[PDB]
Each structure stands twice: as structure tokens, then as C-alpha cells.
Amino acid sequence: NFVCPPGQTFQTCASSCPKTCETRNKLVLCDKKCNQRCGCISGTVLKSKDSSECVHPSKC
């Protein structure tokens, strides 16, 4: 099995280079690689450098 934390969803293509309020540029965890793990909602960003809940750029 494989489950995220709150604010993040499973994605087939999502590198271990997570997006946060710092980035906000990608509408996926990251894009330089396709890792089949979890990753923020498509529109959010992992609050901080390594939080556990993804917020939108509009909130950030």
C-alpha cells in the first residue's frame, strides 16, 4: 500500500524535488522526474521546504 499525508495525493509522475510556497511555479510536486509516490494537489504547494500539508499560492 501507499498513502500520503494531508494535502498531498498519489501521482505516477512526481519527483522527490517537492514544490512549496517558495516555488508555486509547478502544478505538480515537481516535474524534472516521474516518481510514482505522493505529491501536492495540482494547484497547491507543500506549505514549506518540507511541510506535510499543501496550500495554494493564493494562501501562501
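My aim in this report is to walk through the structure given alongside it, one point at a time. (Residues numbered from 1 in each chain as written, not as in the entry; some residues may be left out. Heavy atoms only, no water.)

Thoughts on the overall build of the protein
The criterion, for reference: A run of H or I in DSSP counts as a helix once it spans at least four residues, and a run of E counts as a strand once it spans at least two, with each numbered from the N terminus. We compute the radius of gyration from the C-alpha atoms alone; for a globule the expected value is 2.2 Å times N to the 0.38, where N is the number of residues. Each residue is assigned to one of three classes by its accessible area relative to the maximum for its type, calculated with a 1.4 Å probe on protein chains only: buried under 20%, partly exposed between the two thresholds, exposed over 50%. We call two residues in contact when some of their heavy atoms are within 4.5 Å. A 1.4 Å probe and the Shrake-Rupley method give the accessible areas. Residues count as covered only by the protein chains that appear here.
Along the backbone of the protein there are 0 helices and 4 strands. Along the chain direction, N to C, the helices and strands of the protein fall in the order β-β-β-β. Computed over its C-alpha atoms, the radius of gyration of the protein comes to 10 Å, within 12% of the 10 Å expected for a compact globule of 60 residues. Principal-axis analysis of the C-alpha atoms places the extent of the protein at approximately 30 × 25 × 15 Å. Sorting the 60 residues of the protein into buried and exposed places 33% on the buried side. For the protein, long-range pairs separated by at least 24 residues make up 47% of all intrachain contacts whose partners lie at least 6 apart in sequence. Within the structure as shown, the protein displays about 3,800 Å² of accessible surface, and the carbon and sulfur contribution to it stands at 54%.

Let's talk about the pattern of salt bridges
To be explicit about the condition: For this document, the term salt bridge refers to a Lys or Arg side-chain nitrogen within 4 Å of an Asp or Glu carboxyl oxygen.
Enumeration over the complete set of coordinates arrives at 1 salt bridge. Between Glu22 and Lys49 there is a salt bridge, and its shortest N-O distance comes to 2.8 Å. One end of the pair, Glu22, is in the loop between β1 (8-11) and β2 (37-40); the other, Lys49, is in the loop between β3 (45-46) and β4 (54-55), with 27 residues separating them in the sequence. Classification of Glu22 by relative accessible area gives exposed; the value is 54%.

Some remarks on the state of the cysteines
Chemically, a disulfide is nothing more than a covalent bond linking the sulfur atoms of two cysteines. Stated precisely, the cut-off is as follows: A pair of sulfur atoms, both from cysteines and within 2.5 Å, is called a disulfide here.
Under the defined criterion, the tally for this structure stands at 5 disulfides. Paired by a disulfide, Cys4 and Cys38 hold their sulfur atoms 2.0 Å apart. Residues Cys4 and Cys38 are joined through a disulfide that is right-handed, its torsion about the S-S bond being 105 degrees. On the criterion of sequence distance, the pair formed by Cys4 in the segment before β1 and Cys38 in strand β2 is long-range, its members being 34 residues apart. Residue classification places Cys38 among the buried positions, given a relative accessible area of 11%. Note on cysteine connectivity: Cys21 is disulfide-linked to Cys60, with sulfurs 2.0 Å apart.

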